Number of protein chains: 2
Amino acid sequence: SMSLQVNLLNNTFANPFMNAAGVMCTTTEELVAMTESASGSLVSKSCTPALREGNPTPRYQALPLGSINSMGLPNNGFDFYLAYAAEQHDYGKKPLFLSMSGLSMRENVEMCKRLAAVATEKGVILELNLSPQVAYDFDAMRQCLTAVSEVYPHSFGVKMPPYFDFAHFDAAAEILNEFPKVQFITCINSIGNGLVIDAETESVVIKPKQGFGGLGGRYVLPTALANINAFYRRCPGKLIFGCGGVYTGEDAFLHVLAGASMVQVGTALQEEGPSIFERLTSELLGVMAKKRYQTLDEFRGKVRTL
Amino acid sequence: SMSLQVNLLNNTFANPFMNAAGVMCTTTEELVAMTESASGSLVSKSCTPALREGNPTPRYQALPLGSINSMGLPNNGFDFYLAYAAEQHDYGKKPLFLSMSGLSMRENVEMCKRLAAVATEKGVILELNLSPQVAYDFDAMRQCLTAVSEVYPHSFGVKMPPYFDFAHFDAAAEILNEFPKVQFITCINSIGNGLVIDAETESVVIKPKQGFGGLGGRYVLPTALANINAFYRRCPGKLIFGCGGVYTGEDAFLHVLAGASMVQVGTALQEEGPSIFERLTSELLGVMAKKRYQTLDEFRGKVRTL
Ligand SMILES: Cc1cc2nc3c(=O)[nH]c(=O)nc-3n(C[C@H](O)[C@H](O)[C@H](O)COP(=O)(O)O)c2cc1C
Ligand SMILES: Cc1cc2nc3c(=O)[nH]c(=O)nc-3n(C[C@H](O)[C@H](O)[C@H](O)COP(=O)(O)O)c2cc1C
Ligand SMILES: N#Cc1cc(N)ccc1-n1cccc1
């Protein structure tokens, strides 16, 4: 008698699983397939105010241990994802997150002012993408969060890049803790600017930025658990969404042990498509069955230190 | 008619391979074993002015995809490694790097004052460990290198943690490029403060710092290549030492494509012992034979962008 059920942000989620922002969530067909999937939720592609073409191809490469990408925010623009949230999305099936990646504070303000009414009306939840990248610039981070908090009369979350230093966990957590409207932290975005070299071609594998791109998949699992756990501990008044290196229910289990409420799936979803959510719910239930857990609350954040 | 020979810092190296600082280079036995190995060179364990016990165990865990550690600078102290470099090391066999990780600017300044004479007399080469950690504080990094440059009348190199952002590559490169005595950059130290969770024990796998520790091995290879290439490009006046994710000659080949002169082996050496260097020399020669390269200079830094 087990349940993957999650209750947060005045919503019920059948399971903690959702796509990672920007994976299989750009087009109507992708958002519909995510909505029809076994996923507990979905998040729309990180949007700019206008349509963006993104970087030249190739800009994504599947790898044995995950993925490298420099997509360059290809998206249909805010209007498209706002309209999806306002008129098309079936909130009867599952809650919707809208990922926002304004290229300036002003763009985030303009989009948030217009998102306010649809959040109110329909219950779309903002994931503000902060992932120098804004979240690595504590002043730019504070300023963006101050602007969005000022103009957006709703709770939201922040998609954070990974940190690698306790001083940075502390500085990030201190800023996030100043903003009670930031009710979730998504840990993590890509491990930034890896470089994959193909030994056969003696070349990089993506065209933008000399082959440098965000790492996802198996590469990032320990970094993701560390950031999930770091912010779980440092932001006790906030929810942590896990993102990074989820291929299996066991990986999801580790996310939840580390403190994750929701568990986002990028690279694994990119490679397998939305049917992955049936497998992941099945596998996570299987993990909980072997371990005699009935709810996620029984082990969330209960990772044992030595 | 192939050579792995490297020529840098008034020295000849049989091959680019050496231990990563802190791997099998703490004790006399380890330094002798590394000197008797097929390695082109060796670096002594990062030393403090005095002996350090390091962190409570377990503080290292081998993983399928590499290693997590929080060693906490367990080292025999500066005197012991200066002594090794002054009186014991067979410079006949191969050149020697001394890794220094003073817990302050003052500690590094005092050690370098004393290292100066042994560098002159015996030719030991300083690898200054800068891996918030000093290398993530651009002002503190500049201050450390200013203080060490003042009192150390020698070429040395700096062990860098990975950066994840072009603004950080640029900021770091700009600072390193002010110090002509910094003639090599070792990219990279561990991917910092990962968190491994054992799904069976529902626990972390290392005792210190609530399970948080530096990632090495297969986790870090693209980050390593990125940092090697990033500094290779931004610091053309300097040599790059590659460190991170080297298990094979093919991995070393990738390090050298990215711009690495010397290639340091950490996790793989830890798991295999110093015999790895026979396999790595053989495997790199093999890769070079299949690709029709006779010297490292022929493909070093020549990774093709799209
Ligand atoms: C093709 C692709 C596109 C992505 N687009 C976005 C994006 O629009 N917004 C965002 O916040 N993260 C984006 N990411 C990062 C993912 O949300 C996720 O943080 C990262 O891939 C790590 O999770 P994974 O290990 O499951 O891939 C993208 C990743 C990939 C691979
Ligand atoms: C047990 C262990 C001890 C280490 N000690 C040091 C150290 O003293 N100084 C240092 O600069 N890096 C140290 N490191 C980092 C390694 O030198 C190396 O940068 C890192 O392991 C990545 O290389 P790898 O992927 O080959 O392991 C240590 C790593 C390990 C696993
Ligand atoms: N955050 C931050 C940060 C800040 C400085 N000033 C430098 C490096 C940073 N960093 C390291 C790993 C990833 C980001």
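Each chain gets a letter, A, B and so on, in the order the sequences are listed, and its residues count up from 1. Only heavy atoms go into these numbers, but all of them, side chains included; no hydrogens, no water, no symmetry mates. Remember, it's 1-based here, ligands and their atoms both numbered in the order they're listed.
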Q: Give a yes or no on whether B:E271 atom CD has more than 12 heavy-atom contacts from other residues, nucleotides or ligands under 6.0 Å away.
A: yes
Result for side chain to side chain contact (heavy atoms under 4.5 Å, CB included) between B:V43 and one of B:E127, B:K159, B:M262, B:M34 points to B:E127
| Cation-pi geometry met for A:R234 and A:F166 (6.0 Å, 45°) | yes
Heavy atoms of B:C243 and B:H255 approach each other most closely as N-CE1, 3.4 Å
Fill in: Mutual orientation of the aromatic rings belonging to B:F169 and B:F231 [parallel < 30°, tilted 30-60°, perpendicular > 60°]
perpendicular
Margin query: Within the supplied structure, the quantity of interest is the number of heavy atoms (other residues, nucleotides, ligands) at a distance under 6.0 Å from A:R218 CZ; does it exceed 12?
Written below: no
Here the gap from A:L31 atom CG to A:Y81 atom OH, rounded to the nearest 0.5 Å, amounts to 6.5 Å
In chain-and-number order, ligand 2 lies under 4.0 Å from a heavy atom of each of B:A20, B:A21, B:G22, B:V23, B:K45, B:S46, B:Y60, B:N69, B:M71, B:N129, B:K159, B:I188, B:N189, B:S190, B:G216, B:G217, B:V220, B:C243, B:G244, B:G245, B:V265, B:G266, B:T267
With the threshold set at 4.0 Å, does a side-chain nitrogen-carboxylate oxygen contact exist between A:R279 and A:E272?
yes
Tabulated below should be the N or O atoms of ligand 3 paired with protein N or O atoms at under 3.5 Å; can you produce that?
from     : atom 1 : to     : atom 2 : distance (Å)
ligand 3 : 6 (N)  : B:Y136 : O      : 3.0

Q) Can you tell me if A:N69 uses its side chain to pair, donor with acceptor, with the backbone of A:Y60 under 3.5 Å? A) no
